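The chain below stands alone, shown as structure tokens; this is the form deposited in one PDB entry.
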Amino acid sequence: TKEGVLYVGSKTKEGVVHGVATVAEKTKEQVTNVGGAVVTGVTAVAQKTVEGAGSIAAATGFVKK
């Protein structure tokens, strides 16, 4: 019957979330890469992520030199 049903009940009082925080000082070539399939938070739920047959969920960071 049910196929991929999700119930999320969240009851918080004080929720402080910082997804991506980057601090750079006196810095040269620098990569901060965040992505693909990222769930961040007091109540973080992920279901059936990357469900495609040839699907790609990626995060690629680099410094080619």
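Take the two forms, find the largest set of C-alpha atoms that superpose within 1.5 Å, and that set is the rigid core. Residue positions are given as counts along the sequence shown, with the first one as 1.
Another form, the form deposited in another entry, is not on view; read the next lines as being about it.
Peer 1: With both forms fit on the core, has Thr40 moved 2 Å or more by CA between this form and the one not shown?
Peer 2: Result for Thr40: no, shift under 2 Å.
Peer 1: Comparing between this form and the one not shown on the rigid core, is the C-alpha shift at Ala58 2 Å or larger?
Peer 2: Yes, because once the rigid core is superposed, the C-alpha of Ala58 moves 2 Å or more between this form and the one not shown.
Peer 1: Between the shown chain and the other structure, the Cα gap of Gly54 to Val39 differs by 3 Å or more. Is it closer or farther in the other form?
Peer 2: Nearer in the other form, by 3 Å or more.
Peer 1: Closer or farther: the C-alpha atoms of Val8 and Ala59 in the other form, versus the form shown, with a change of 3 angstroms or more?
Peer 2: It is farther: in the other form, the C-alpha atoms of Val8 and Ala59 lie at least 3 Å more apart than they do here.
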